[PDB]
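Let us start with two forms of the same protein chain, each given on its own as structure tokens and named structure 1 and structure 2.
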Structure 1
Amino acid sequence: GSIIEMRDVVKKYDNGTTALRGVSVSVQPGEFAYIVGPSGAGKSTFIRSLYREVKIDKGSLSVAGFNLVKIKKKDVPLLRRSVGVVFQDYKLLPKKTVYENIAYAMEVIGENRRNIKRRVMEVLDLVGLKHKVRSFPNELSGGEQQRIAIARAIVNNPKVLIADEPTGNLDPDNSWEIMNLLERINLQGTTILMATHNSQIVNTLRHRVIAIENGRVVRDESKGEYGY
């Protein structure tokens, strides 16, 4: 069974621009897929629809057992605990330590504090930065910040991780390091969809490629080339 099932999705913004014009995409647990296409094709709109940051107008969309047409605002946090999200600009909170930035994504459950700490240390070890637990984001390189943000994204052990240009603000060396981390997370079973403009990454680390142009899927292929 699918972990993401999108059918005939249409999205028109308030000013009238139709950003998705009938997109259908099916993703199985454990897949790694790149989302590629020219500026304005609708990649960001597609990614945002997967964690309900944008609401679809027509079609259907299910993610991790959540019906994103039906889900109420009050339940989006629950969805966010099954879908981790990674951003091009990392979006750490600059006044919080590394520990606080990661712990913030874990829901408080009565006590929870000691359990939260063990899990924060687990994901820090997964990304190789346990020695930064008390650091602030400014003390970290861009690559280190994105590794911390990825630790935050997986802190609830989600089955899906969505990334919008996760290496777009990183230089080449750090871009490859972040790809290695994402691939390691994927090999453990997590489904990963990531939008990207990095032709060298897509052409080298071959995965499923979903190409969008003018709001429609034009190509969907195993181990595909970047094609742009």
Structure 2
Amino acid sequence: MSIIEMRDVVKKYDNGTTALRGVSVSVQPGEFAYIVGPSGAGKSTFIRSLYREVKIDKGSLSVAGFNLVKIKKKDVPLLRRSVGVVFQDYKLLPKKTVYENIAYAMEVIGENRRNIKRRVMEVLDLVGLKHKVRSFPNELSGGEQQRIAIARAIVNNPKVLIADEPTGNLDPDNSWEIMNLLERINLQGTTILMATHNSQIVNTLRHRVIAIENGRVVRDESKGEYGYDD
């Protein structure tokens, strides 16, 4: 049974722009999917519908178990606990150390403080930054900051992880390091949806590719090629 089920979804913004124009996508638990397509296609609108920042107008949508057509306002935080998000402009808390940043991601969802030390150190092992446990974000490279943003996003073991252009401002070597981390997270079972314009990553680290244009899925292929010139 699917962890994300989108059927005939429509989203039209108030200025009349139909950003999702009948979108159907079914993602099984543990899948890794790239979301690709030209600027303005609807990738961000698609991503943001998955954590209920965007409300759909028509269609059905279930994410991480939750029916997003029916979900009550007060329960959106429960959906958010199950959906880790690496914002394209993810900003760490500048006056918190790496440890405090990751720990806060647990405290803020109500986790027991008793669970924090073990989990934070486990995720620092995962991302390979145990030695930066006391660093502040400004002391880290861009690639290190992104790895800590990913650590924050997965700290509560969400069912789904969404990453909006996680390598978009990283050089090739750092981009591959972020991809190695996301791949290891996926092998642990976490479902990953990643919006991206990096054809080399998509064409080399082959996964499912969902291409969106003008609000429509135009291609949905296993181990897919990138398919665009930009």
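Superpose the two forms; the largest set of C-alphas matching within 1.5 Å is the rigid core. Residue numbering: sequential along structure 1, first residue numbered 1.
A movement of the C-alpha atom of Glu139 falling short of 2 angstroms is seen between structures 1 and 2 when the two forms are aligned on their rigid core. Superposing the two forms on their core, we find that the Cα atom of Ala105 is displaced by 1.9 Å between structures 1 and 2. On the core-superposed pair, the CA position of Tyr90 changes by 2.6 Å between structures 1 and 2.
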